[PDB]
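**Student:** give me the fold of what follows.
(chains A and B)
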Amino acid sequence: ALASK
Amino acid sequence: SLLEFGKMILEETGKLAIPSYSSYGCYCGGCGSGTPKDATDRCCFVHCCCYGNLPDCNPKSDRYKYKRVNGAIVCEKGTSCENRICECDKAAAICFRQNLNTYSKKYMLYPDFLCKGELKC
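**Tutor:** Residues are numbered from 1 along each chain as shown, chains lettered A, B, ... in the order given. What follows is the structure:
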């Protein structure tokens, strides 16, 4: 998740 | 890029971008339309509006560098798009920090049909 929208 | 923004949010609020701010209210994540539900949601509305002033830039994928000067967020010199993107992200992070007190789990995974689409930036 962490790296996005 | 989303990488910098998500890190900025974590440092400021302690919450993770996803899933805390990825699908909150009507404007946090698939921001699109409706009337902002609360302060945090207004934070995203204005943030979405901030990216809107940069048509030829690419906020989601363009990376910028930034530092912390005693808790203070400082955008380092980069391209024009990078400087302006960082400024937009910086605002949202502060806005989020400013409305943590009224953040409501009641707004996580908020359904689409409940968004009364009409705020012009």
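**Student:** for chain B, what lies in contact range of chain A?
**Tutor:** Contact residues (C-beta under 8 Å from any C-beta of the partner chain) of chain B with chain A: B:2, B:3, B:6, B:16, B:17, B:18, B:19, B:22, B:29, B:30, B:60. From N, CA and C alone the C-beta is placed, and that goes for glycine too.
**Student:** residue B:81 and chain A, how far apart?
**Tutor:** Distance, residue B:81 to chain A, by C-beta to the nearest C-beta, to the nearest Å: 19 Å.
**Student:** what residues sit buried inside the helix or strand containing that residue?
**Tutor:** For residue B:81, the enclosing helix or strand under DSSP states H and E is helix B:80-98. Judged by neighbour count using 16 or more other C-beta atoms under 10 Å in any protein chain shown, the buried positions of helix B:80-98 are B:82, B:84, B:85, B:86, B:88, B:89, B:90, B:92, B:93, B:95, B:96.
**Student:** what sits against the fourth one?
**Tutor:** With contacts taken as C-beta atoms under 8 Å, 6 or more residues apart in numbering or on different chains, residue B:86 has the following neighbours: B:4, B:64, B:66, B:75, B:76, B:78.
**Student:** if we can go back for a sec, the helix holding residue B:81: how far from the chain's middle?
**Tutor:** Here the centre of mass of C-alpha atoms in helix B:80-98, compared against the chain's by C-alpha atoms, centre = their mean, to the nearest Å, lies 7 Å away.
**Student:** list only buried entries from the contacts of residue B:86.
**Tutor:** Counted by 16+ other C-beta under 10 Å, the contacts of residue B:86 give B:4, B:64, B:66, B:75, B:78 as buried.
**Student:** the last one is in what secondary structure piece?
**Tutor:** Secondary structure from DSSP H and E places residue B:78 outside every helix and strand.
**Student:** is the closest residue in space to it that isn't next to it in sequence in a helix, a strand, or coil?
**Tutor:** Of all residues not flanking residue B:78 in the chain, residue B:64 sits nearest, at 5.0 Å (C-beta to C-beta, 6 or more residues apart in numbering or on different chains). What DSSP: H, G, I helix; E, B strand; the rest coil gives for residue B:64 is coil.
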